[PDB]
Amino acid sequence: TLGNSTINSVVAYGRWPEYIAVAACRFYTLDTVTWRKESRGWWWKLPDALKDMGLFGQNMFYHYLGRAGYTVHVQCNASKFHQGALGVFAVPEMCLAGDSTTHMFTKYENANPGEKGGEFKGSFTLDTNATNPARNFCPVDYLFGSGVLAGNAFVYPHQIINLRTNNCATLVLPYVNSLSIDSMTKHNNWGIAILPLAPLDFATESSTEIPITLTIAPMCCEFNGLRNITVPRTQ
Amino acid sequence: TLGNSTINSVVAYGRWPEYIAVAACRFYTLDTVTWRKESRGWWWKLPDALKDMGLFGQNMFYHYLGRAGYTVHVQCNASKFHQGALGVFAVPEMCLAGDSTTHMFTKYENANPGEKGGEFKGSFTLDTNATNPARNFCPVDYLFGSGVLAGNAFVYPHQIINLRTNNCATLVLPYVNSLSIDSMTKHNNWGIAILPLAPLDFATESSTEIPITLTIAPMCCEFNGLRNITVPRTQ
Amino acid sequence: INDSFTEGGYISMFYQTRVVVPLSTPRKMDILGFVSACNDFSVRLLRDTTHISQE
Amino acid sequence: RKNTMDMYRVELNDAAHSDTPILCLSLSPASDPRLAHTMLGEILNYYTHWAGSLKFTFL
Amino acid sequence: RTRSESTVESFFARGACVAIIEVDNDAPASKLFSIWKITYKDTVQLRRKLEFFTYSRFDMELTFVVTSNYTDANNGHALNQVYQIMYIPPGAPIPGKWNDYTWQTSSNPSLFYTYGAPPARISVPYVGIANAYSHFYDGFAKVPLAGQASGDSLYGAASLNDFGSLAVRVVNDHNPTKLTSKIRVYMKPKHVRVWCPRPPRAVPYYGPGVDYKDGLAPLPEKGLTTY
Amino acid sequence: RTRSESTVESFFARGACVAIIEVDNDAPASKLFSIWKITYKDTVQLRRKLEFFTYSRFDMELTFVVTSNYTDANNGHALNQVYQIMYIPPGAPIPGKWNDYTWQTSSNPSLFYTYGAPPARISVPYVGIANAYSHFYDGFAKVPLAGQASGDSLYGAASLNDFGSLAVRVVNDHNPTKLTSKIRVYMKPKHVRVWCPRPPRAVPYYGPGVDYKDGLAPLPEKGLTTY
Ligand SMILES: CCCCCCCCCCCCC/C=C/[C@H](O)[C@H](N)CO
Ligand SMILES: CCCCCCCCCCCCC/C=C/[C@H](O)[C@H](N)CO
């Protein structure tokens with residue numbers, strides 16, 4: 001229980017979140033995504049995904065500096081006759097490859113999608129529109145979206161949701177950064193990547209879909225540098 | 001100094017504010033009003049006047065229950081060749097008379113004007129428009145807007161700004177209520193009334209105007225009952 | 001009684017995930033609700049009820 | 001459903017996820033018609049003032 | 001010289017008339033029972049005394065003075081009447097007829113008064129749902145929300161001063177002759193505590209709020225240099 | 001916050017009307033005396049409160065409120081009436097006439113009330129032949145035996161709630177003018193103990209048992225997803 005919100009667990013690097021506001025930092029439920037047979041994966045950025053969550057987003061945009069750990073709870077239930085496996089990875093500094101011949105050309109509005117996040121692709125497509133480039137991420141699942149083999153992503157803090165065994169995953173991420181505190185609007189400290197390690201299947205049904213829900217609670221929150229409100233440009 | 005905000009004093013009823021959030025509760029400057037020779041007076045309601053002030057307004061509208069004391073600082077400077085006197089009164093449960101033959105007909109949007117507040121009138125005018133009634137306050141200055149003689153308003157916590165002596169007033173208002181904590185959107189705990197006790201004058205000028213500025217810091221703030229955001233109807 | 005000044009709040013139920021069943025299983029089911037008071041509950045000012053009347 | 005046994009049952013199904021509420025209740029234990037005639041509500045309707053926490057169990 | 005008679009207790013230690021409830025004893029233009037909502041704002045003297053302050057706590061003593069008379073001369077005689085005064089707290093069923101079941105008063109407190117007896121009297125403790133009574137409430141019961149049509153509650157009206165009503169009837173079956181009765185209610189606060197003094201009312205009261213309509217020029221004329 | 005007012009004692013600490021006994025003072029269409037069998041099931045409020053439980057023990061306080069009136073206008077005057085209320089325990093002889101010998105009340109408790117006096121009042125202890133009163137009895141007084149013709153006792157009826165009756169008359173010799181009087185009986189249980197809570201009555205009472213006939217659809221309509 002954290003605040004008025006209530007409900008194996010993995011503590012990233014064995015380090016519980018710690019201090020170097022209090023009401024605002026509680027469990028928030030993002031929009032549900034649909035796991036299909038042909039799904040490739042999903043990603044979110046923290047604190048970006050929580051930027052429109054009650055008082056936590058207000059504190060994000062009213063302060064120059066902020067820091068927080070997180071507790072991420074992935075929820076996905078199915079029957080005993082379903083099969084499939086998900087890998088949930090927490091990546092510090094989760095930089096994703098772009099889609100253009102120009103290096104680092106992804107624009108701010110696409111790098112910070114919010115609680116909807118983005119999806120991995122099965123292959124790499126190069127954006128050719130030069131007059132109006134998309135300037136979006138093109139994260140390939142087997143390259144883990146950053147030019148590394150997804151099979152080695154298990155070096156990151158992670159959990160596995162095997163449908164025959166468990167239906168939930170819990171990751172406790174401490175604040176990780178080269179600084180004690182940073183700008184929450186400039187920098188995403190954590191990334192969450194969910195990849196289907198084993199494809200979803202249900203007997204004699206090429207139609208089954210099951211929901212995945214993420215609930216994220218910021219922890220050990222600190223804010224500093226109160227000023228007027230930041231209003232980032234949107235697309 | 002309260003927070004990042006910095007800068008005789010009267011403690012209302014000799015009781016300093018006390019507890020039964022922390023960053024949000026700081027000095028906020030309302031819009032300046034213009035003291036003229038023909039001015040009749042000004043009024044504001046607390047916490048209504050601070051409802052759009054940074055994080056304090058957000059905490060007001062995100063919680064069911066809130067309480068706070070206040071520190072009110074009235075600022076008004078002039079030359080040694082100006083004359084005039086202001087009375088600044090802090091009134092608990094400052095109910096103001098309406099403008100219609102219907103009792104208690106003043107609508108919520110007019111009873112809660114915000115940081116602009118309202119002005120006293122010199123005489124009572126009865127609103128006659130029946131198809132579209134105004135449903136606004138009609139506070140008469142010498143009746144102190146509530147059917148009592150303004151000369152006795154000095155039984156309330158108050159300060160006097162005499163232009164020949166001082167240019168500022170400071171009132172420390174503790175939280176006053178029949179309850180330990182209440183709804184900040186339903187109920188105004190305090191009212192501030194500023195009346196010209198002696199009219200403003202400047203030698204051989206029937207044009208002089210001087211500004212009055214209010215800076216209000218909530219103190220000993222408490223909030224409880226976090227839920228979705230309250231969005232009051234506006235007019 | 002129903003009074004705005006002493007309103008209590010709202011209780012709501014939602015799907016966090018959906019309900020999933022295998023084949024050869026009922027797809028519709030029922031939930032039941034129960035309510036009680038906790039040990040800190042108290043009442044005051046005994047009065048007559050509106051739930052019984054005589055004709 | 002009112003005045004039968006079906007008034008005690010709330011139906012769930014296995015349809016796709018949605019954000020629509022399953023049930024909505026006002027926390028008015030003596031005046032909300034769904035809580036007024038429970039044992040708690042019946043006791044409350046013999047009194048004028050109430051205070052304290054409530055417990056909702058779902059089966 | 002002590003200040004014993006100016007203590008808050010002594011200032012309010014008087015029975016003040018707050019209501020005249022009228023009932024009739026007649027065969028069923030008449031009113032065989034009357035409902036009076038309990039308040040001190042129907043009269044002025046006690047209201048003005050109380051509104052010297054913002055908040056108060058006290059127990060209340062109610063005294064009932066009952067008078068009655070025939071309506072017609074030499075129309076006949078009547079046997080001594082009995083009156084029922086039933087307290088109906090907010091939420092309890094309200095009588096709709098002289099003989100309805102609600103008068104059984106199984107849970108409502110009730111008082112039976114015999115005419116010619118000394119005025120009836122009961123006491124009640126401080127019954128406020130808040131920690132004190134509010135003589136003034138600067139707020140609304142409902143906040144109107146965006147999306148709502150044209151939360152329209154009256155200014156200052158709150159259920160923190162809702163104390164129920166008194167239902168008054170004559171218990172006797174109706175005489176052949178018409179009788180009229182008046183019950184005068186006298187309030188006395190006891191064990192009084194008060195907070196936040198206010199300037200006293202200067203113009204005539206207009207409604208349960210602080211609104212004013214008439215008599216706005218109270219003070220007379222007096223020369224500045226005249227003793 | 002204590003629970004002092006929700007104790008079983010406080011819940012029942014009220015005088016509830018259970019009967020209106022009507023008598024006449026007239027020369028011998030009239031009823032010069034009335035018999036009322038003692039029960040709380042003629043009214044609903046106290047009955048519903050008591051039937052929250054299966055068993056109970058308590059002492060009883062009875063209060064009698066007496067009202068009277070002339071029947072005709074200017075028909076004449078009357079002297080103050082005296083009323084006799086005689087308790088007739090089961091088995092005692094029952095009056096058959098206004099003037100029969102039974103009113104001598106050598107062994108029956110009796111109460112003489114003067115009109116205009118404060119309501120009469122007596123107290124009785126727990127008088128049940130069993131260890132507690134039964135609000136519900138799931139059985140018969142007689143078991144019908146094979147060989148018996150078509151032991152036919154009513155369901156639920158037992159002598160464990162037989163407490164006798166009250167016989168009420170006007171002691172005065174009859175006036176030249178007709179007078180009508182009503183005696184209202186108010187019960188207050190005291191020193192109450194209760195056992196085996198039951199769900200409260202939800203539909204109108206029908207007879208002294210648990211039978212129901214009408215008003216079987218009490219609950220209103222309310223949308224599932226509407227606050
Ligand atoms: C059984 C005969 C009737 C006796 C019961 C009388 C009613 C009970 C008292 C209810 C009224 C509470 C006292 C009222 C206090 C004032 O109205 C407050 N100062 C309002 O601000
Ligand atoms: C002399 C004047 C009359 C005074 C005597 C009054 C009658 C004596 C009391 C008899 C009634 C016993 C009390 C009744 C208890 C309830 O009926 C039980 N709860 C039944 O279940």
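The chains referred to below are lettered A, B, ... by the order of the sequence lines, with proteins before strands, and numbering in each begins at 1. All ligand and atom numbering here is 1-based and tracks the order in the structure. Only this structure's heavy atoms are used, side chains among them; waters, hydrogens and symmetry mates stay out.
A heavy-atom distance below 4.5 Å is not found between the side chains of F/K41 and F/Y205.
Annotation: ligand 2 has protein neighbours F/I38, F/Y40, F/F58, F/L62, F/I85, F/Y87, F/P109, F/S110, F/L111, F/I122, F/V124, F/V127, F/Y133, F/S134, F/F163, F/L166, each with a heavy atom less than 4.0 angstrom from the ligand.
Exactly one residue among E/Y55, E/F58, E/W195, E/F53 makes a ring pair (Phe, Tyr, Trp, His ring centres under 6.0 Å) with E/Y133. That residue is E/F58.
For F/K97, the NZ atom counts as loosely surrounded, since its 6.0 Å shell holds 12 or fewer non-hydrogen atoms of other residues, nucleotides or ligands.
When only modelled atom types and interatomic distance are considered, B/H103 and E/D211 share no side-chain donor-acceptor pair under 3.5 Å.
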Determine whether E/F112 and F/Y186 satisfy the following criterion, ring-ring contact (aromatic ring centres under 6.0 Å, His included), listing intermediate values before the conclusion.
CA-CA 12 Å; E/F112 286 88; F/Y186 292 80; 5.3 Å; yes
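The side-chain hydrogen bond (donor to acceptor under 3.5 Å, both in side chains) analysis of residues 111-123 of chain E, with sequence neighbours excluded, yields the pairs E/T63-E/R121.
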